[PDB]
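A short write-up of the structure that comes next.
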There are 4 protein chains.
Amino acid sequence: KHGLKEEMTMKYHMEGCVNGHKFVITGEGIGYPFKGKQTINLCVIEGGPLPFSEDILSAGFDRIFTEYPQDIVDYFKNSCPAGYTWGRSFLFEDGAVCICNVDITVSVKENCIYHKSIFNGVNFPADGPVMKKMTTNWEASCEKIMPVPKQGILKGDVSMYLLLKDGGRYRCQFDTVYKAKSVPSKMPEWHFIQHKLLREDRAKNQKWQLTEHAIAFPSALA
Amino acid sequence: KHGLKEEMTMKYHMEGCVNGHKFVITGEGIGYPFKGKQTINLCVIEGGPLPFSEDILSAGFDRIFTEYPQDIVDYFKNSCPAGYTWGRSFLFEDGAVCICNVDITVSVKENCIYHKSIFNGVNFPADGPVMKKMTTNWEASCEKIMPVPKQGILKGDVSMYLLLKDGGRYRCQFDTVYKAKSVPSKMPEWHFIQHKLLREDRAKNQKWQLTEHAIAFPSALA
Amino acid sequence: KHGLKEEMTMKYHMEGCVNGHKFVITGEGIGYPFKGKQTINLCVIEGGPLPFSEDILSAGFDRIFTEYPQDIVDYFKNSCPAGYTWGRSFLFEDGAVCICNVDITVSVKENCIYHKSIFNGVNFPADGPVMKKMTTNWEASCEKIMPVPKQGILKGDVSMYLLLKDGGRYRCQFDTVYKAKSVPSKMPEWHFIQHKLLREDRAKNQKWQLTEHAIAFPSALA
Amino acid sequence: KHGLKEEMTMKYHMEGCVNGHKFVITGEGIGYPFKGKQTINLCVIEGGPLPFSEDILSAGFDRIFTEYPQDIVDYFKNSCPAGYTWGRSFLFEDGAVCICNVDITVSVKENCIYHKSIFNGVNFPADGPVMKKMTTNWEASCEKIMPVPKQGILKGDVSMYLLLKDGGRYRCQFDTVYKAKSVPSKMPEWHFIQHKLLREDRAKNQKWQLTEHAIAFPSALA
């Protein structure tokens, strides 16, 4: 109906720079828009091996892949097949900061979703979990999604924790704007989305895999 | 079992200072620990009429009043009847900041819960929603609750929105530590709590009423 | 002329609560308004010994004691003898937060300046420099002072570093509003003030001493 | 001695993306390393006309151009002719965020300094001063420069104000790391630098000019 089928494929290109190191990452994978699941495999083709933990890039590679109850308006699916863009800031508690822009576009012909990313960051401390690769996975999280009705865009807000090998928690504040590639017809009331995101790594060429399950749920409290 | 019954009464004393103005507020109300509901009525007995919106004080007056599924450890109820203390910072987006400390203690004899608060704030702009009283209610929110196992305490984190009469959203970041008044035996895995909080105001003496429904829910994603 | 003489005496009362611990501190000392120097001695009379480093309270006990070139309007001296109030937030990098309100009033009769403070804080980590007393002194700093002409008040902004015994730096963001106790006649262009602040401690009763030198200087760059 | 002469020329290339709009800017100008002055002219060659105020990019195009008293170690000049890189985050008070990386390299042959920049940003509000071009100039500022001795790098910290056409002030927090392109021999004690930065705009092709005067000064307070 909007270009999507219960099972689809995805391609991801990310160009970036962290702490002055450039890199390019390319990724393919499988996803289930209505189940709210993606699984994707990534490969560094430039700048490898990354001197910073791969975890920082994970949310840098798609809300189309969210399970939405039919009662709530799905802005992301509604934007398809042309798709949507978004931008996000990442504010880490040790002062590091990153920013990401992503253009997402559905190719109905090939039943494939494309993701081009620019990812940039700075001020990760040399002696901190990211440049020393002491991060494990991101905790599950619950995101708030708020309409900016006058603008036709959405804002997301979620405070995120990265778990440390050595026990602890490393915080990162995510602030996101989501913009349909053309004017939507309806606009959701605000709502939550719950997320789970896991990484499993893979010595010739740096590679790894990510999985995400996400589910939307109304403001309403029983 | 821990001093609590399905229906209870509450008393609230808050002493504070906002933008240099002091005040004292006293409150009584009714609550349902296991349903996760309180309703409470408040009266200014000093410093009235408040020159700042009453909304800022709302979370300043109890997690005992949260509905907890039996599967997740309820730290707050477990701390009763002696109870617990907590402290919270409030970081508003226009630069204003507030802090609150609260001592909570259950009187099993009288089936009553006492709440003593100190509330302080500064740097609310004269020409902003709080000092001009243009705030409506707080949006529903979803709080994260994280164990600090080594310390026996909990940390809460939730980014909060106050709605404006004139449409918009005014943000406030809440960071909280919760400390049982003596050493707990078990410690919850981390979890979410969903909140709803509403104000209805009441010309002799400044008074108003607050209602809260809150429900805990596990990290797990179906 | 405004109640002040090249040498004066000061009295300081601070009531506070940090991390749930209350206390009262009383202080006397000597100061030189036009040289921009104070030296003051402090004594805990309640809640002693403090479980948190004394450094956090240092800026919590007077801009009257700033050296001002005659070319720039001195708002603080101009507010005397009635004096002025102020409020400040303190945002530490580990998430702790404090707030202070202070009423300052000159007693020309006795050539004495009074300082009443309320100081409150929360969320200092148990295992961090403040609750473990691993702080040394605050680095020198340069504060920005900005007029809010329409309101007749001033805003101060300075990012502050506390030095750690074990080498490092612990950051704290200070945001301040300064309010004359009645309407001033002129209002400064904005400007810098440079600060130096040092602590030397003193087993019967917890006591210590603070010294401050501060000098104002115009926006202008040679 | 380190490749520099009292008068030099500069070339600037910046590639960027703000709020999803890409662009390329190219710039030439004249500078006086030891007087701490640059003046530079800029031209958009891609993406013009910018939909966001030009002010945001101003600090995005060199500390070599700082007047340093001989008593304080000049890390930047010392890094020449090979030069140095740096990265900076920009945290605006309305939630927008930007990041910049810059590689600076001196061509002694041609008495020219090259500046390649990547500049990225997001979450500038549509209805805010930057996307509506209501900004004037940046106020003068005083930056703190702190050595990270173990790493051989420097950290800068300065809270910045952009002035608004319609009167007001728009805040931006700058955090910077400066990294010599090879290991320096000495390391400065920390210090201040005072900055002044002004823009004058110029209908065929979007162009404009920037000027900067900057002067370093020791921690010491007379």
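Throughout, protein chains are lettered first and strands after them, A, B, ... in sequence-line order, and every chain is numbered starting at 1.
Heavy atoms from other residues, nucleotides or ligands lying under 6.0 Å from NZ of B/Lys181 number more than 12. Annotation: B/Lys196, atom NZ; neighbour count of heavy atoms from other residues, nucleotides and ligands within 6.0 Å does not exceed 12. Heavy atoms from other residues, nucleotides or ligands lying under 6.0 Å from CD of B/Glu6 number more than 12. The number of heavy atoms from other shown groups lying within 6.0 Å of NZ (A/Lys144) is above 12. Environment of NZ in B/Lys155: sparse, with no more than 12 heavy atoms of neighbouring residues, nucleotides or ligands closer than 6.0 Å.
Here CD of B/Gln194 is found 5.5 Å from CZ of A/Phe217. Values are rounded to the nearest 0.5 Å. From B/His213, atom NE2 reaches atom CG of A/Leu221 across 4.5 Å, with rounding to the nearest 0.5 Å. Between B/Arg171 atom CZ and A/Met146 atom CE the span is 7.5 Å, to the nearest 0.5 Å. How far SG of B/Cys142 is from CD of A/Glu143: 12.0 Å, rounded to the nearest 0.5 Å.
Between A/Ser159 and B/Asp157 the shortest heavy-atom distance is OG-OD2, 2.9 Å. Nearest heavy-atom pair across B/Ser141 and A/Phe192 is C-CZ, 3.9 Å.
For A/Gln173, the part sitting under 4.5 Å from any heavy atom of chain B is the side chain, from C-beta outward, and nothing else.
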